[PDB]
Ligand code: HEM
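Just one chain follows, in the form solved without the named molecule, and it is written as structure tokens.
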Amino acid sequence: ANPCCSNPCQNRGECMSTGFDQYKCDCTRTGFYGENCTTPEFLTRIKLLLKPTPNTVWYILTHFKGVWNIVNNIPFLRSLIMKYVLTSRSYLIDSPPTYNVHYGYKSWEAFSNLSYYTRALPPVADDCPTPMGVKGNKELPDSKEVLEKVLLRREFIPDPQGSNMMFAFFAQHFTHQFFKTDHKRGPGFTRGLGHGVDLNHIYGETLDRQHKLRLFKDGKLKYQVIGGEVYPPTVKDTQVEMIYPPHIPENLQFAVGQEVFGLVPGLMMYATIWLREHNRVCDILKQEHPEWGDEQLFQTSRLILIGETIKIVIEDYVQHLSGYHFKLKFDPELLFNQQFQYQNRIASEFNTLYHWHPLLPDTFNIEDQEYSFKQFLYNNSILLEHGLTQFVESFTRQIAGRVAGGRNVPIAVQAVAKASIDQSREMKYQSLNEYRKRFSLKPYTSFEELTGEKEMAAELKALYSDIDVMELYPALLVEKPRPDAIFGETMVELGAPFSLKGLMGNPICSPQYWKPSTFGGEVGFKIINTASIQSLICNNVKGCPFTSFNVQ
């Protein structure tokens, strides 16, 4: 019924109904005009020829390594390029946010209600004839069939980029502070009202939860010592609610910021490391400020660990998966002379892109042991058995699975991979090509172009019939990977804008926050600016084991 169901407006134009069977496109500041905003203005036509393809920019950044060696050592030039990286990506994000799962039009409810994930593209109207709008059949192909044919893992396909389990669990740990779906309300809702990197997975979402976790001495968080090693406190000691099976002994019920981090020892490993990092920073700040109280020591340490997290994510984590030879740089000053909104709203699609199920291995290999999913889940006894040192060394060695390329989703999490499909449909997501156009990508003309091969493409064509009906999430996992890369084009070109906007949109990156006094002086400021995944492990894990996000 809705005349906008066909998504007629192009180039980020906005569609509005002007009757029961008529519409109008708002071409304001899109650079285009005409009925569907497809006729480019003069300046627009120029940029279309100048601006390079994303597979060209990716090529430049991931090749000419000898040239980048020169550029990386020229601070002026390095800053110039990183500046362009930050600005060009964040331009794709609406800020302040617009739509959510319940509003395909702008409204104060959509803006003000922080319980929603926001949406980069509006939901398909409920009164639309087809799930994608007007194209396709009355119902999308069976999600179980999509899963089994092109998603489920036959043989384990390792990541050619060499991403290890330190990378895998970091991603899971890091993103679970702003991906906290409120399953009581629905998949389009979140419990992470900070909508960013606030480290609530360490300190707790609520003030009540934070105080139960705090020692209230020297700004530190509560902890316990087991075998001479520092571990998180227990549920019994702090009364913070955690998610554990009833058969789990209460001395193994560790209490941390995020309630689900008891799920896997890999998450509990990072929770422990970050816990130690907080208290380490407390000691350092106390050395500098003996006149400071517990409260200021805590708050300043939290701001410092936020800085470290963003530092590490940009210069280690993102640096790895991007495959760039350009040396990425966390420098908030790069945006001080730029137009930039220091705010963020977590997008539903960003959460969907981050469903990296194929990343998981078939077994979790710690030391000489090889644990199954059943043995690994909710089993912190494994962590106490081997220790953090053995955990880091083992996870540094074990490679992770390739995400793009198809058929690499471990069958142990098939219900989870199917939920992504189902829930994406439940949230009325628009098609793959709609999202590609939204982020300046050309639509795929065939399933073969999408997969880069023949077999899976044929399988998908039997299911979806039309390429313009192809869903976003399963397309990410079967997409033709970039040359020896872990991802396809869609994953990176869509995800980077959400990521960098979330990282740089943090208030500590703003000019009034980004100064030594915010972090207790130059000493605390230096902790942020010299942070790395290696130094994080070195300072907090016994023996200072070598670590990295790739296998050696």
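A residue's number is simply how far along the shown sequence it sits, counting from 1.
We do not show the form deposited with the named molecule bound, though everything after this point is about it.
So if I measure heavy atom distances to the named molecule in the deposited complex, which of the stretches 121-129, 286-294, 175-183, 269-277 falls within 4.5 Å? Of the stretches listed, the one contacting the partner is 175-183.
Quick one: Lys311, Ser394 and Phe549 and the named molecule in the deposited complex, is every residue within 4.5 Å by at least one heavy atom? Looking in the deposited complex, the three residues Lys311, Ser394 and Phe549 all stay beyond 4.5 Å of the named molecule (heavy atoms).
Taking the shortest heavy atom distance, is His357 within 4.5 Å of the named molecule in the deposited complex? Close contact exists here: in the deposited complex, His357 approaches the named molecule to within 4.5 Å, heavy atoms only.
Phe169, heavy atom within 4.5 angstroms of the named molecule in the deposited complex: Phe169: yes, in contact with the named molecule in the deposited complex.
Would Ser143 count as touching the named molecule in the deposited complex under a 4.5 Å heavy atom rule? Close contact is absent here: in the deposited complex, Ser143 is far from the named molecule, nothing within 4.5 Å, heavy atoms only.
Answer with yes or no whether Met242 is in contact with the named molecule in the deposited complex, where contact means some heavy atom within 4.5 Å. So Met242 does not count as contacting the named molecule.
Quick one: of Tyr117, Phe254, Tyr429, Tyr203, which gets a non-hydrogen atom within 4.5 angstroms of the named molecule in the deposited complex? Answer to the contact question: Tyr117.
Using a 4.5 Å cut on heavy atoms, which of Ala462, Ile226, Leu215, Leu377 is close to the named molecule in the deposited complex? After the contact test, the surviving option is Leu377.
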